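Here is how names work: the chains are called A, B, and so on, in the same order as the sequence lines, proteins then strands, and each is numbered from 1. Just so you know, these numbers use all the heavy atoms, side chains as well, and skip hydrogens, waters and symmetry mates.
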There are 4 protein chains.
Amino acid sequence: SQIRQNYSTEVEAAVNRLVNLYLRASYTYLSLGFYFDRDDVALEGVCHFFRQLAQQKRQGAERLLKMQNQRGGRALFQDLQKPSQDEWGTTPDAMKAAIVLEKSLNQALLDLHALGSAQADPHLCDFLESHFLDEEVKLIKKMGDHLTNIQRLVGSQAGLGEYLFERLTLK
Amino acid sequence: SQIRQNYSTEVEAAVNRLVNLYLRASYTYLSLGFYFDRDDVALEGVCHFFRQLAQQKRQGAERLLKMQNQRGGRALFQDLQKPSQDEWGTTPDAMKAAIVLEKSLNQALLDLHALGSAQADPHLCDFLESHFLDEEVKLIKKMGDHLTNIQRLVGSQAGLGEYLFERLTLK
Amino acid sequence: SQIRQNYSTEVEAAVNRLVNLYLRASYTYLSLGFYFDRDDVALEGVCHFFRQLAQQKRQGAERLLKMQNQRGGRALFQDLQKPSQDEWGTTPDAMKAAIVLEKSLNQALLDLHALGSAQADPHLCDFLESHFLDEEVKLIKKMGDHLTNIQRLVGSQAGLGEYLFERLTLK
Amino acid sequence: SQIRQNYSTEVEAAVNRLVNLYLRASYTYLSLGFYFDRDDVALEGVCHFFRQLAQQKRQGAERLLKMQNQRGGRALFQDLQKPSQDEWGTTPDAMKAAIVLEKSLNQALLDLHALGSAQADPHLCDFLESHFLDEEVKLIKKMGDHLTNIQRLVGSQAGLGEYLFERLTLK
């Protein structure tokens, strides 16, 4: 490559893997969203919450891909594994699954940051910090807040609590 | 002092003490606010309610300090004791603690007013009446209203009632 | 904690300490500001300069506290020690004290950054760089510029130089 | 009187005396203002500062007179004694004389307040607090600030300091 400079084959591979993880997360959120759109589930705010996450994760993948090309690396795509469930249970079940997913993405970001630091690749490290690391921390805090509120409500009386959370917290 | 007139050393000292009380109240409210911002507490309206009180109490202290200088007294600062709790329980626990705090501030204002009256210091007495005494009465009435509503709700079913109060009463 | 990830107990403690340092700095600046508001000191631009710093340091503490909750740490508050002086001398005395204070805050930031780096906590490191480290460097440069100008002026003729600095440099 | 109620002959007399004091203060300030307008004095900001005080003191007298009629008392006017000096010296001399004057007015207000309190006349006491007592405290603080600044400057080098105060502090 005529532009590649200080960009390790290790980081290039790891970025391609992280792209796959983000696209898989988007796919999971697509499935979550449409499950909550089912006539027998019917929680529109939950559907919207996950659909907006599907879009955010896809955008994250596209930013990674742009950066891959900016550095002179080569994007390589793999199969996207279907989401881990076909049906996602109740709002708390779904939000717990979302937190699990986000913590896995965050750990992948943290692992990639550690790799870039080992490889003395400060552009990579700055890229992750600026577009991904704080976005994850904010998102995980939001989901944790949501989970606490859902759990406070669905202890009290399950169906009613689920309805109220969707109506009064979610957009 | 070239400007000091009819301003007793007694009132000057008491004003410095009241400054400390107000700054301590601000600090208590800072702690209350961020406790309700915790991911495992997560009541945003309660957090906001106390954060706005933190600001109001700090502003009260600054008004007192301005007046101290206006009269030719000398501001003297002491340590600010940490708030009385590290964790603040449920919304009713917190609102009861807030009412306790405000009643202590109010009694300090009332004591200072009585001192000014004994000292024949009508400027002081007018200052307190105009900026502090009615502000306290209004705030304590609001907290009493809140407490009654919280108690009506958390008798019924605790978690749900707490959620509904935060969503439908608090900003 | 349901959200905590890659956040060391060491960093959590150090952040609580830094909160205390920032709130103490705010308190120092509160005292500085009102000393310059005294009828027998009467330098309004100096009062305003320090009052605005009081607000900036409080805001810094609140940002730290927000981040503590974002990461799943627990805010813990300690006593705030009173400022180191009751009377702050002349403008140069005060500005030298301010520079001392800021250098102590900066070193605490630098120490916390080093800790985060040792702990492989890139979010922390990015947080400090983005909101605190450059803010300190800019503030210390400004105070250094001020001190040089004050010293140029108060060599020439002390009272006059102090007046002119407050009127023509400070807001 | 068909409207007079709870208004002592003592307070009525004292209000007439206070009117005289305010009109005399206005007259003093008129003399101060035009002394600083002299071609051989020529400090326009000082002239303006005192001319605006002349107007404020006259307005204070008119408010007192309005209140006298509101309560059913009878305005009685006495000679206005000429001001105590024909020439007013330097800016610091003039500002010291102004502070002396204001402290005498303030003590007269405080004496009248004490009388109203003895006479159980809460309207009078509220009237003074609302329109006069805080106005005096603010004005005396301003003059004290001015005096400190003038003294800082005219120690350094008298003529220059006087010029700079008038140009950079006064309107």
Side-chain angles (χ1 to χ4, degrees), chain B residues 1-19 22 59-77 106 109-138, chain D residues 11 14 18 21 25 60 91-152 154-155:
Chain B
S1 162
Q2 75 198 337
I3 68 171
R4 195 180 181 140
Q5 181 176 29
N6 198 39
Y7 192 63
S8 65
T9 59
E10 289 89 355
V11 161
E12 174 185 16
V15 166
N16 282 329
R17 290 197 287 276
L18 194 66
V19 168
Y22 267 72
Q59 290 171 163
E62 289 164 351
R63 201 173 261 113
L64 283 160
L65 285 165
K66 177 173 170 194
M67 183 272 288
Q68 184 78 290
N69 282 347
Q70 290 180 124
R71 293 300 303 276
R74 286 304 173 253
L76 290 170
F77 294 100
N106 201 34
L109 294 170
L110 290 175
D111 294 344
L112 181 60
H113 190 288
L115 177 63
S117 178
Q119 295 286 330
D121 190 333
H123 181 274
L124 181 73
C125 290
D126 175 63
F127 173 86
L128 289 185
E129 292 171 9
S130 299
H131 306 307
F132 288 90
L133 294 184
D134 196 39
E135 291 200 359
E136 279 309 299
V137 158
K138 290 168 187 137
Chain D
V11 161
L18 194 66
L21 279 169
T91 299
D93 291 329
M95 197 65 66
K96 286 170 170 168
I99 293 172
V100 170
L101 181 53
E102 294 303 325
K103 288 170 163 247
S104 75
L105 288 175
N106 201 34
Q107 188 61 55
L109 294 170
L110 290 175
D111 294 344
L112 181 60
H113 190 288
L115 177 63
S117 178
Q119 295 286 330
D121 190 333
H123 181 274
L124 181 73
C125 290
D126 175 63
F127 173 86
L128 289 185
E129 292 171 9
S130 299
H131 306 307
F132 288 90
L133 294 184
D134 196 39
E135 291 200 359
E136 279 309 299
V137 158
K138 290 168 187 137
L139 181 59
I140 298 162
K141 175 60 165 64
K142 184 70 152 174
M143 290 182 175
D145 292 349
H146 287 346
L147 190 54
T148 289
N149 276 286
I150 298 157
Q151 293 166 325
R152 195 150 38 212
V154 301

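Between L124(B) and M67(B) there is a side-chain heavy-atom pair separated by less than 4.5 Å. Between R74(B) and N69(B) there is a side-chain heavy-atom pair separated by less than 4.5 Å. Between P122(B) and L128(D), every side-chain heavy-atom pair lies at or beyond the 4.5 Å cut-off.
Among the candidates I99(D), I140(D), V137(D), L147(D), the residue making the largest number of heavy-atom pairs closer than 4.5 Å to chain B is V137(D). Of the listed residues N106(D), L109(D), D126(D), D145(D), the one with more heavy-atom pairs under 4.5 angstrom with chain B than any other is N106(D).
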Under the criterion side-chain contact (heavy atoms from CB on, under 4.5 Å), I'd like the reasoning laid out for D134(D) against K138(D): C-alpha separation, chi angles, the key distance, then a yes or no. CA-CA 6 Å; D134(D) 196 39; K138(D) 290 168 187 137; 2.4 Å; yes

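Within 6.0 Å of NZ on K142(D) lie no more than 12 heavy atoms contributed by other residues, nucleotides or ligands.
For chain D, no part of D121(B) is nearby; none of its heavy atoms comes within less than 4.5 Å. Of the two parts of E136(D), neither the backbone nor the side chain holds a non-hydrogen atom closer than 4.5 Å to a non-hydrogen atom of chain B. Both the backbone and the side chain of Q2(B) have a heavy atom closer than 4.5 Å to some heavy atom of chain D.
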